[PDB]
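Asks: Below you will find the structure I want to go over with you.
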Amino acid sequence: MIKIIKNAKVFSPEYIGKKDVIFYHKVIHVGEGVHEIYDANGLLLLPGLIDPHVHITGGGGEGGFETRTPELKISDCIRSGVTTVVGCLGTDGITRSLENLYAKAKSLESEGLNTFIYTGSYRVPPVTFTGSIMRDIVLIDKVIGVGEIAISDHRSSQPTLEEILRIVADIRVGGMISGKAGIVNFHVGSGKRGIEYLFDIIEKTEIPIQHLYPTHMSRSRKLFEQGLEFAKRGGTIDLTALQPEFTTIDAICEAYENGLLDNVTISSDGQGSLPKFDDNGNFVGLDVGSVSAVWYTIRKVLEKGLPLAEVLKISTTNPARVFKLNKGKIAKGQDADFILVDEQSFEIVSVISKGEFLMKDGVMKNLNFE
Amino acid sequence: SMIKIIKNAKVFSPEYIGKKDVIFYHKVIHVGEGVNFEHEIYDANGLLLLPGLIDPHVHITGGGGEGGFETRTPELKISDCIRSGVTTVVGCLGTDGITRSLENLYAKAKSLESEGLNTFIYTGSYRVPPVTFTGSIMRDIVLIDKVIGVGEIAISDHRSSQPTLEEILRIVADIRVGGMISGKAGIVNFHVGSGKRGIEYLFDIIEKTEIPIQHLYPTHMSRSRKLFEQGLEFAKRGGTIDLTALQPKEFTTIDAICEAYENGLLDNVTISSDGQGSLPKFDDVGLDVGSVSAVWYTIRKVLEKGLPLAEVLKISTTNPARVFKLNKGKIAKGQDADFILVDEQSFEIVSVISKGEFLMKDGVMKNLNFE
Amino acid sequence: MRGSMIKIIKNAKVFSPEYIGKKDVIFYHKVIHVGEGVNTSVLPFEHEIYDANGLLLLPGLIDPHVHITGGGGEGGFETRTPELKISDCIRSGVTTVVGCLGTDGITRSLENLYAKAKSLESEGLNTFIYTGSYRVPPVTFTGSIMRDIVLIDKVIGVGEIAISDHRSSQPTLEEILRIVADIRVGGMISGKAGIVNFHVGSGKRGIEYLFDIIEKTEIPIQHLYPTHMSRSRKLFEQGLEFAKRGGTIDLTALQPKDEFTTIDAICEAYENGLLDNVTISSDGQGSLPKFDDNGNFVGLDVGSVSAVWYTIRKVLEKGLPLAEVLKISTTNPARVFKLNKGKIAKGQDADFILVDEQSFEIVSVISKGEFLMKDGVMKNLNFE
Amino acid sequence: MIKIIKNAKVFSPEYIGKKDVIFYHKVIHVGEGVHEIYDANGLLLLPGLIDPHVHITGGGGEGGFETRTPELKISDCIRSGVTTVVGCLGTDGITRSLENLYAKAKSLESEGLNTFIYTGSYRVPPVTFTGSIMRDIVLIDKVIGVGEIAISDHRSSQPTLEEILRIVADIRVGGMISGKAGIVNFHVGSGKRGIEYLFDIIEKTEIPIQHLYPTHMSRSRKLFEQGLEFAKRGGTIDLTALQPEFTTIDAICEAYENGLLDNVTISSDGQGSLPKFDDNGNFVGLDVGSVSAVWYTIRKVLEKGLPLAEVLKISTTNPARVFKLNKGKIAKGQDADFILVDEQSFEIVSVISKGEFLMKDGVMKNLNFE
Ligand SMILES: CC(C)C[C@H](NC(=O)C[C@H](N)C(=O)O)C(=O)O
Ligand SMILES: CC(C)C[C@H](NC(=O)C[C@H](N)C(=O)O)C(=O)O
Ligand SMILES: CC(C)C[C@H](NC(=O)C[C@H](N)C(=O)O)C(=O)O
Ligand SMILES: CC(C)C[C@H](NC(=O)C[C@H](N)C(=O)O)C(=O)O
Ligand SMILES: [Zn+2]
Ligand SMILES: [Zn+2]
Ligand SMILES: [Zn+2]
Ligand SMILES: [Zn+2]
Ligand SMILES: [Zn+2]
Ligand SMILES: [Zn+2]
Ligand SMILES: [Zn+2]
Ligand SMILES: [Zn+2]
């Protein structure tokens, strides 16, 4: 149970230099000099990467039943070093069950991962477990908010201000009674209206800006600019990761320049559709998001000479704040979830979550259906 | 024993009426100058005789829970009610609609009534649409004898459901007509938070609809001078406002009351304990728990600014009895036999009488089912 | 303005059900004192005296089975009976009634029954109601016969459930046990009696269900209250066996216009010393129909609340002592519902009737200490 | 976080003699020779007492609204050394909410205790969170079964075999999908029918006897005899503790004699009514169960010269089995929940749960509303 990781260059979001880290399920003790032992010389110790937006049950289906994407194998997470995922439903609210989403999140947790879910889906009014999104967040311990509610998209339900305000108010007080944060995840399409509705709430109500969490905020110039204003008023935005004009990389730099990286987060959009529509509202082709798009994006920003100290924020501190999680920092009391990158190779070699090795030195623990 | 006489008391029929003997059963039979079947007597030499205090806003089941499940405050004991002189309470639900039962609040009102107290309740809670007993707020007031209105409906608070005007117009309409059918008052209690919109909605109702003002009963309105100034505007149009009673723990409710009395508006002011109700500092932190002690304490503190007792007692006896159309708050023939007895010198509650029975006799409390 | 709150009745021969001779009674809304002659012109404050020389003081009559909203309608929409007038009750010395629904549970609402009980309450009468009707499953205020008895003060049980009747829903034994279980535990929570009133037709099965429940379950017999048990003598003899196991049976009072009657039944229950186990009910504003042998409607009479005092007067004409006959309409109905009525004594609710000593007519009526009728004159009423 | 309890006479259900016990939130290491340290010489170390049947929200009300009992203060648990409680609803299913019961159990946990709940109440059909007792046990992580279903009582709903069989089958499969045990708690009244229905199930169906958990099985001679047969067929019974003819003490001995103590458990019936009814079904007087009735019962059996080794079974091993709990034994990996009794004084002095001291050496931690 009690474990050590000696003579690793410990990279708590800000650099804390060559130190040993003792840990059960949480960081128990830190101290330079000397149950399981693990030597990690040559490796960098980070806190486990956080993914706040992943279609863990699969998604897509904009082009029919054929375009229904596959469910997520934990196999892919561990190679990518993603130790905690927040599962949401997407465009399809009928064939993808909320109970199914509870279960996949419950199974991912039982095979070593850390899981939380939303209770909504694209459409307003939102699908529920118990008839009421407030009731869901008080009674289902894993529910941390609602989404992903579509706004300014062609696949939107066309929601009104008053409808939405109901939801936010219900989910917020839902939070307070239950002692959770109570987030609203906001799928933002390519409509000109953008995130107007989000400004309305904070301007015209008693609603704090912490509860509003818009995603895909990197997909255009225009929209990222709105994402920065929203940031500058004390709110946090989320950017969809880059994965094989203007990219998610340029944006994550453009936030450092204007001094706003403390308000950014990245999403894999794993197992989610990446659809291409023509001149009308017809469907042309698709791609499928990969949960290894996080670590891939991190390295392509370091490639531009940003400090690894202030890039790990987007995936470790910045997300853990948004959801009020006891994770995302290597320090006494915090939950014990780390990844280990080799020197200047820049490749994950080991992965720890809740103090159990899921990947040790490039050999994966074996899982039930692989 | 069940026909009683209080002798040699200086009586405050709210208004002062000098030294008088009161004869009562469950209601007052006679008030006259010294005179004399088995009947009990109580010599009240040295004592003042006042009406029973009325508390229009108490979370008798418990409330709060806004800081998580750890914030769940405990339920009201009647013990407090007897030592603090409160013979009548009106129970309501708060921010938690899901885990605090309406049906639980009906049962809590029934146990307290049954150990010598007087109880009424509101249906619903903070959230719009409001939780009901029977699917309909108009049905509830008609069918369940203790429901006297709806609340506390949250306007201009961060924990508000963000209600529209249209929603609130149906709600007050429904409970008003429901009030008429049942022969009760049909009050909407409004929880007013610290939002800039204040009570704009209440003004919107009287300015653009047929709905009388007597149904709109805003509470918490000594939280800022700005709100109170908008409260007084309301008072001048026939409305009644509730002030949260100062507790044993700028601009205060004591300030607030004297400002009202000096404008000749103390007839339009009441005070609530908000007992067992959460009192949290919410910043952009901490919590404390209201006591029913808060009203008699607040009465003294305003007496200490030199206001005449008979005129002050109106905020807790005459003015609540009016708003809920109750047969209480006045010592007279036909009125309900609810009295407190305070030492004239000490000014500390020594005996409390509810429905003509002694709940406390010279400091010695009646003993109850779980003490 | 209000009427003098302390009253005294002097020089009456008091039938506190049990005879207690010439006594004065001081009262407000409850009975304050029973005692020998005492100086009643010594009080310094208001007090209305009433001289009752030559009259008999008795408790207020309780009528446990009344269609206060109207009922009937077995012969089409033309056979719906009118609703009860409080002047009927005042003339008949009936100070308390318990109202129920019957055959029609489609066009007679429970909310309408709740209102009429409250309007009766407010003119000087004491009122209670049942939830449900004839049919199984039973109609409800709130969706459940348990919520109704817990949330609605005036609700004291469910009925009248139709068993051994052509108009019955043909209820199952499992259906009925669920219903009696629900209303009892409901009574326990709300501190009421939790009664199931049974409307018993003329089926061969009689009350087999009532005997099935007591013999095969822990449900005590206090909660099973069957009515119309003088219908046929076969049914009345099934009633007596029910009595000897601690039960209470209700008989429909003899009607002032028309062989084995409820008089025969009452006298047989005295003979066998089981008079503590019977009640009588007017079935006022109820259908009293005739069906031919094919099951079709022929015609009907309408029950009357005058039936109670009328029935008691017949029984007296057969030499039974007054002090023991009054049980059926005072002590016995007060038991079944756990009411603070039916006896003249310190503490008890001040519901009286006064009868002339030879005439044996009701001349004055007092409920809540208030005179509804004083010396044959009624008080002014709301819609009369 | 890491704690030791040195030179205590460690009384793992069976005696393991003077040993040190290291423990975070679970028993981490056991070893004789030598972060917080606690010396416990003179004291006996036991595993934390288990209460499988407590009306944590209050109950009673058979005699009106006046007879409604008060809610349970954690203050009383800690003095009594009761570290884990299973909350149920009783006779009243209307005024006592299931949401209220979730919350009180949630609050007791947040102030140091360990809590689980049922989803039913006396009446059949049973009240639910989500419309369906199966759905409740899959979706509400704290739900471990259904009860307390009344059988052979005057306050019974009069349930049929077929109705009940539905429930048991639904709760069982509910268990399997969710990876919980899925118990049916059975309030048994003083009816002659007794637990007949329980024999029917195992005789006439494919239903395993582990799911059937009858309570109050000590209240009569006749019924305890039925409790022993049920035991002898591989099932477990529950006895209502003794607290100030034939008692719960005689019975717990009578199980040792016939060699059946491995199939017994004790309940406080805390905050529950103990009602007295006369000749008919009317109510006379009441008493209110106390959660300190457990430890009080334990000592009055030791008074009869039974080994403390084989008496702690009823409150530690026997209950933890029934509910499939990682508790009730002092040994590596088990959750860290202990009580400390002084020499031959026989009085709790300290109480530990999840490795946090709730009572240290007779001074209680201070709690929010005391
Ligand atoms: C990458 C961009 C262009 C596509 C993206 N749409 C979705 O991701 C669809 C949704 N996740 C699903 O599962 O169906 C967008 O926000 O614009
Ligand atoms: C004047 C202040 C103290 C009013 C207000 N209090 C609450 O909202 C308490 C809530 N109604 C409950 O009891 O559940 C506040 O502090 O914001
Ligand atoms: C005694 C006989 C003739 C009348 C009785 N019918 C009813 O009581 C009708 C029902 N209660 C109603 O009015 O809706 C019966 O047939 O047994
Ligand atoms: C001790 C025995 C005699 C009484 C016991 N009844 C209950 O405990 C009632 C239930 N817990 C409640 O909360 O209402 C029994 O099983 O026989
Ligand atoms: Zn999206
Ligand atoms: Zn998406
Ligand atoms: Zn408030
Ligand atoms: Zn309040
Ligand atoms: Zn009938
Ligand atoms: Zn009838
Ligand atoms: Zn029980
Ligand atoms: Zn119990």
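Asks: On average, how much area does the Cα convex hull of region D:77-151 cover when viewed from any direction, in nm²?
Replies: Mean shadow area of the hull around the Cα atoms is 5.4 nm².
Asks: Sticking with this one: Using the Karplus curve 6.51 cos²θ - 1.76 cosθ + 1.60 with θ = phi - 60°, work out ³J(HN,Hα) for each residue of region C:192-209 in order, rounded to whole Hz, and write x for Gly and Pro.
Replies: After applying 6.51 cos²θ - 1.76 cosθ + 1.60, I find 10, 6, x, 6, 10, 7, 9, 8, 10, x, 10, x, 4, 6, x, 10, 2, 4 Hz.
Asks: Summarise the partner chain shielding of C:177-190 as one whole number: the mean count of Cβ atoms from other chains within 10 Å of each residue's Cβ.
Replies: Mean shielding count: 6.
Asks: Oh, and also: Tell me which residues come under 5 Å, amide H to amide H, from A:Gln271 once H is placed; ignore anything under 5 positions away on its chain.
Replies: A:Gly289, A:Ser290, A:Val291
Asks: Here is a further query. Would you tell me the mean number of C-beta atoms belonging to other protein chains that fall within 10 Å of each C-beta in D:137-146, as a whole number?
Replies: Per residue, the number of nearby Cβ atoms from other chains is 3 on average.
Asks: Okay, next question. Between A:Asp141 and B:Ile254, what is the label-point separation in nm under the 7 Å Cα-to-beta-carbon projection?
Replies: With each label placed 7 Å out from Cα toward Cβ, I get 4.9 nm.
Asks: Set the Förster distance to 60 Å, then compute FRET efficiency between D:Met1 and C:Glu175 from the Cβ-Cβ distance, nearest 0.05.
Replies: 0.50
Asks: Do the alpha carbons of any pairs in B:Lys146/D:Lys142; A:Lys9/A:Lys300; B:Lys108/C:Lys327; C:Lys204/C:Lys318; C:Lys314/C:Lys374; B:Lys19/C:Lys343 sit beyond 30 Å of each other, and which pairs?
Replies: Where the Cα-Cα span goes over 30 Å, the pairs concerned are B:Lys146/D:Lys142; B:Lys108/C:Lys327; C:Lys204/C:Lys318; B:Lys19/C:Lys343.
Asks: Then there's this: Roughly what would the spin-label model give for C:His47 and B:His39, points 7 Å off Cα along C-beta, in nm?
Replies: Those two pseudo-labels are separated by 0.8 nm.
Asks: While we're on this one: I'd like the FRET efficiency for A:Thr128 and B:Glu262, computed as 1/(1 + (r/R0)^6) with the beta carbon distance as r and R0 of 45 Å, rounded to 0.05.
Replies: Result of the calculation: an efficiency of 0.25.
Asks: For A:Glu14 paired with D:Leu161, estimate the spin-label separation in nm (one decimal), with each label point 7 Å from Cα along the Cα-to-Cβ line.
Replies: Calculated label separation equals 7.3 nm.
Asks: Then there's this: Out of the trypsin sites (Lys or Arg not before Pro) in region B:319-371, which ones are loop residues according to DSSP with at most 15 other C-beta atoms within 10 Å?
Replies: B:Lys325
Asks: At what distance in angstrom do the alpha carbon centres of region D:1-58 and region C:145-176 lie from each other?
Replies: Computed from Cα coordinates, the inter-centre distance equals 57 Å.
Asks: Return the tail of the calculated pair distribution for chain C, meaning the percent of Cα-Cα pairs more than 29 Å apart.
Replies: 42 percent
Asks: Also, I was wondering about something else. Quick one: 3J(HN,Hα) in Hz for region B:237-242, Karplus 6.51/-1.76/1.60 with θ = phi - 60°, rounded, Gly and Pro as x.
Replies: So the J values, rounded to whole Hz, are 9, x, x, 10, 10, 10.
Asks: 5 Å is the cut-off here: which amide hydrogens, built 1.01 Å from N in the peptide plane, fall below it relative to B:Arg72, excluding neighbours closer than 5 in sequence?
Replies: Long-range HN contacts for B:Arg72: B:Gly65.
Asks: Using the Karplus curve 6.51 cos²θ - 1.76 cosθ + 1.60 with θ = phi - 60°, what ³J(HN,Hα) values do you get for each residue of region A:55-65, in whole Hz, with x for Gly and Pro?
Replies: 6, 4, 9, x, x, x, x, 5, x, x, 7
Asks: Could you pull out every residue, at least 5 positions away or on a different chain, whose amide H is within less than 5 Å of the one on B:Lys27? Hs are placed 1.01 Å off N in the peptide plane, and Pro or chain starts have none.
Replies: Under 5 Å from the amide H of B:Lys27: B:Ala337.
Asks: Sticking with this one: In deg cm²/dmol, rounded to 500, what helix-only [θ] at 222 nm does chain D give when every DSSP H run of at least 4 residues adds -39500 (n - 2.57) and the total is split over its residues?
Replies: Per the formula, -7500 deg cm²/dmol.
Laboratory data are not the source of any read-out in this text; all were calculated from the coordinates shown. For neighbour counting, all protein chains shown are included, and Cβ atoms are generated from backbone atoms with ideal geometry for every residue, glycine included.
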